[PDB]
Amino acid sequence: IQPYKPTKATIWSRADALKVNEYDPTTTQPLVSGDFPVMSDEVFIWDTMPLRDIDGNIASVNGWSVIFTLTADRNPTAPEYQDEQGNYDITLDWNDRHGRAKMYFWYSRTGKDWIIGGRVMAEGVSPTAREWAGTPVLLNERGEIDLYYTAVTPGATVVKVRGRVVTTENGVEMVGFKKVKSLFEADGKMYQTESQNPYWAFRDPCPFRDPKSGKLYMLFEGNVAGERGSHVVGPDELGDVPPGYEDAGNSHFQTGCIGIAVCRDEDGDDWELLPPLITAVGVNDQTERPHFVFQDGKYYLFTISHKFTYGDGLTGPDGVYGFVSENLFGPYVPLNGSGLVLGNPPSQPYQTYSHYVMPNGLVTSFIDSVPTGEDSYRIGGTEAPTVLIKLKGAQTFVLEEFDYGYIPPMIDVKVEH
């Protein structure tokens, strides 16, 4: 016997969070311009999910880059959205996107200047009208794709649906996404359920093949199991806080975690829930969109979070946070000491969201709200400038800004059917 340390969740502690610096130029997203272009006059987009293989490589098909987006109609003539003066209020329409979300695809041979493709699944295919985020996995040279996504209301279930990408020299179609299969939902002993918390999270599947073992696994956002309000911020959740910073307040209401499941097969058909990789009790309620970059034989685990969802007595920016380990199952340590990788600038604290760090270092995000004066602002619902970061040991560094929605491929796949 070679004894190994047992797998345990890594705790993102209150003490770690006290290190978050909102004013670090190496970990701040570049300022979005108030004159940003808008990709569609018919729909809003937000969470953007590039087509990729199971190993994480961003993929084009016959030269076409492809992205999937959460999408919602714009409703400029809806009476519900007319203000006291009879003028459309975009903010109300934008805020209502989540309740009407559906998956679209877009394509381009340049990795930008995206051409809209429309719905991936015909209306009524999804068991839930709300289609929340996940990952489109390109499977093979026939163009078969497994779309892993979150079927929301009733409940929140990780699901997948098979279909195919078909290309011509003029564009791209998504065909045959007809049969949605239930994979798993929160269990109540590891991950919190709706019964335990009406505000529970269970979403954002990120399947991957582990580069070391070759086994399939999948990340997702959850909350630590237990009745809402029953969690305890104990010594390990508090961490090594400095004098005067011992009060946890009511931070036991913040219970985010990064979950992981394992597949019993190579096809991503039958999955088993494992205990969480990272927990943030007393620190943040929302560790969204967990995803990996594998680099230098290490595991870089990124998650997106909000200022608003911080534990009582803590703060930090909206943006991307992350952790690094030598091993899939930990232990992880916070990048840059605090966990913060790329925060929104405090002068434009909601400019972007739902970042996705790709293995080439490029980070894509969507534009939310950009100030244009002391009191005024513009809504996005369109892609933000891509920004390059460098991962170096337990540090990250922001390097260079690229065009709006620039998502170049890492591989090209020749597809025939």
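Start at 1 and count along the sequence shown; that's the residue number.
Item to check | Higher-scoring stretch by recorded Cα B factor average, 391-399 or 6-14 | outcome: Mean C-alpha B-factor is greater for 6-14.
Checklist entry - Averaging C-alpha B-factors over each stretch, which comes out higher, 76-84 or 102-110? => result Result: 76-84.
Next on the checklist: Between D240, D285, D296, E185, which one tops the list for Cα B-factor in this entry?
Outcome noted: Highest C-alpha B-factor among the listed residues goes to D296.
Item to check | Most elevated Cα B-factor in the entry, residues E194, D318, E169, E221 | outcome: Reading the PDB entry, the winner on C-alpha B-factor is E169.
Item to check | B-factor third for the C-alpha atom of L139 within its chain | outcome: It belongs to the highest third of the chain when residues are ordered by C-alpha B-factor.
Item to check | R289 CA temperature factor, ranked by third within the chain | outcome: Its C-alpha B-factor, which the entry lists for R289, ranks in the lowest third among residues of this chain.
Next on the checklist: Please say which third, lowest, middle or highest, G249 falls into when its CA temperature factor is compared across its chain.
Outcome noted: Highest third.
Next on the checklist: Split into thirds by Cα B-factor across the chain's modelled residues, where does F366 land: lowest, middle or highest?
Outcome noted: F366: CA B-factor falls in the lowest third of its chain.
Checklist entry - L51's Cα B-factor: lowest, middle or highest third of the chain? => result Lowest third - that is where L51 ends up once the chain's C-alpha B-factors are sorted.
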